[PDB]
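Asks: For the sequence shown, the positions run 7 to 43, 50 to 141 when PDB author numbering is used. My questions will all concern the structure given below.
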Amino acid sequence: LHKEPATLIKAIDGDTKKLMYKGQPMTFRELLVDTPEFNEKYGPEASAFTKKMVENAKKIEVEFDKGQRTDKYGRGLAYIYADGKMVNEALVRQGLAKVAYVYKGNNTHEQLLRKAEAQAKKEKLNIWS
Ligand SMILES: Cc1cn([C@H]2C[C@H](OP(=O)(O)O)[C@@H](COP(=O)(O)O)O2)c(=O)[nH]c1=O
Ligand SMILES: [Ca+2]
């Protein structure tokens with residue numbers, strides 16, 4: 007896998023955001039995670061977490077996996093990095109997302125995120141409290 011440039015257009019919620027990629031606006035959906043919706053428990057905190065992480069970043073990068081790059085809704089499916097730090101992983105590590113939607117062909121960072129979830133679950137953080 008490799009990292010590609012992108013710029014933040016706008017935070018949306020825990021696991022989606024509007025980025026400019028190859029000069030075009032797209033909604034990105036984070037691979038391998040599920041944040042609660050804004051109206052659910054920990055939803056506002058997920059959105060806040062993701063929003064801060066991507067808004068404070070100097071450099072946003074996207075990393076596609078080996079499989080499908082866009083979902084049925086036209087959302088790009090990628091791993092998102094903010095100053096080299098994976099948003100998908102940080103959400104999981106803090107208990108603000110669950111590992112989810114693990115499809116074959118698009119699961120390179122699965123075990124990395126599962127390790128992060130275990131740690132969150134041990135620490136009883138947020139969703140696991
Ligand atoms: C994360 C991800 C979601 N999706 C689709 C499956 C789900 O379909 P349904 O809309 O039919 O439930 C939906 C979940 O996204 P959200 O969690 O953003 O709603 O997005 C994929 O197709 N591939 C993926 O990698
Ligand atoms: Ca969600």
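For every residue, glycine included, the Cβ atom is placed at its ideal position computed from N, Cα and C.
For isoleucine 139, which residues of its own chain have a beta-carbon under 6 angstroms away from its beta-carbon, when the five flanking residues on both sides are left out?
Replies: Walking along the sequence shown from the start, residue 139 turns up at place 127. Excluding positions up to five away in sequence, the list reads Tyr54, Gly107.
Asks: Contact check, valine 111 vs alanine 132 under 8 angstroms by CB: the rounded distance?
Replies: Looking up residue 111 in the sequence shown gives position 99. Looking up residue 132 in the sequence shown gives position 120. That pair is no contact at about 10 angstroms.
Asks: Could you tell me the boundaries of the beta strand (DSSP E) in which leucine 89 lies?
Replies: Within the sequence shown, the letter at position 77 stands for residue 89. From DSSP, the beta strand (DSSP E) with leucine 89 extends over 88 to 94.
Asks: By alpha-carbon positions, which one of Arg126, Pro11, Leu37, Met26 ends up nearest to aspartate 83?
Replies: Counting from one through the sequence shown, the residue named residue 83 turns up at place 71. Among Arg126, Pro11, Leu37, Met26, the Cα nearest to that of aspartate 83 is on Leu37.
Asks: Who pairs with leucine 14 in a beta bridge, going by DSSP?
Replies: Translated into the one-based positions of the sequence shown, residue 14 becomes position 8. Answer is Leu25.
Asks: Distance check for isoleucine 92 and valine 99, CA to CA, integer angstroms please.
Replies: Here residue 99 refers to the residue found at position 87 when the sequence shown is read from its first residue. Here residue 92 refers to the residue found at position 80 when the sequence shown is read from its first residue. Roughly 6 angstroms separates the two Cα atoms.
Asks: Within 10 angstroms of the Cβ of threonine 13, are there 16 or more other Cβ atoms? Answer buried if so, exposed if not.
Replies: Taking the sequence shown and counting its residues from 1, one reaches residue 13 at position 7. Exposed, since its Cβ has fewer than 16 Cβ neighbours within 10 Å.
Asks: Hey, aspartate 77 and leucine 7 are a contact pair by Cβ (cut 8 angstroms); roughly how many whole angstroms apart?
Replies: Within the sequence shown, the letter at position 65 stands for residue 77. Within the sequence shown, the letter at position 1 stands for residue 7. So it is a contact: roughly 7 angstroms between Cβ atoms.
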